[PDB]
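Take a look at this one chain, the form deposited in one PDB entry, written out in structure tokens.
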């Protein structure tokens, strides 16, 4: 099957991703910005216990690292009844220099799909932002406090990869993946490839071209260090769901 032919391309079998061709990202601040340190709001034991295994997993993966930084933003526990960590980066966002929004809206993106190409493959990349390294100079920006009362733990952690909740993450990811897939596009001029951050659609004129193109796209993505969800993959179908649309009979 597809899962077995391309072990490196799937999140399920290829391990955590890392975009090896992309330089670690440097995040420019606005001209008058200085660090802001917001105290961590006290967290309930219930929330802390819920969040803990996620933090530990990220530490084990090297995605979080200990740090000491003049920046600090609060971690929010957000439920489901399962607490997960959500960093409030709003005050960091306000101090980071704006970039032009280059990600197309889905409506316009889909306008680039011709009736000629009606065989589809849809992939979503797992933990997309985390595949992009953050330059060490920019890591301190995103620090938060992690305390474990019953383990004498108290200090800051920060991200070594592009973080969730950062205003520029979707745009920077979209632009990075475009750079990495530029060659694939050149090597396969007959294929249509739509990118919406971590949501991809490959379209072909025939089931064959689609299966061949999909094989190529999977091999390329895996080689570049990205990882797609095998669970959710829609491979070589006449009908697929993409960006909240049902694509069928060239409609939508």
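Residue numbers count along the first chain shown, from 1. In this text, the rigid core denotes the largest set of C-alpha atoms whose superposition between the two forms falls within 1.5 Å.
Annotation: residue 72 does not belong to the positions left without coordinates in a third of the other compared entries; each one with flanking residues models it.
Residue-level annotation: residue 118 has coordinates in all of the other entries compared, counting only those that model residues on either side of it, so it never reaches the one-third mark. In this entry, residue 79 and residue 80 are separated by 1 to 3 residues of the deposited sequence that lack coordinates. Relative to its counterpart among 102 to 110 and 86 to 94, 102 to 110 has the higher mean temperature factor, C-alpha atoms as listed in the PDB entry. Comparing 26 to 34 with 202 to 210, the higher mean C-alpha B-factor in the PDB entry belongs to 202 to 210. Between the residues 129, 142, 146, 119, it is 119 that shows the highest Cα B-factor in the PDB record. Placement of the Cα temperature factor of residue 124 within the chain: middle third of the modelled residues, per the deposited record. In the deposited entry, the Cα temperature factor of residue 155 sits in the middle third of values across the chain's modelled residues.
Among the modelled residues of the chain, residue 46 sits in the lowest third by CA temperature factor in this PDB entry.
When all modelled residues of the chain are sorted by CA temperature factor, residue 216 is found within the highest third. In the deposited entry, the Cα temperature factor of residue 18 places it in the lowest third of its chain's modelled residues.
The form deposited in another entry exists for this protein as well; it is not shown, and the discussion that follows is about that form.
Core-superposed comparison between this form and the one not shown: among 165, 74, 104, 140, the single residue whose C-alpha moves by 2 Å or more is 104.
Residue 151 shows a C-alpha shift of 2 Å or greater between this form and the one not shown [criterion: core-superposed Cα displacement of 2 Å].
Compared with the form shown, the residue 105-residue 88 C-alpha separation increases in that other deposited form, the change being 3 Å or greater. In that other deposited form, the Cα positions of residue 103 and residue 93 lie at least 3 Å farther from each other than in the form displayed.
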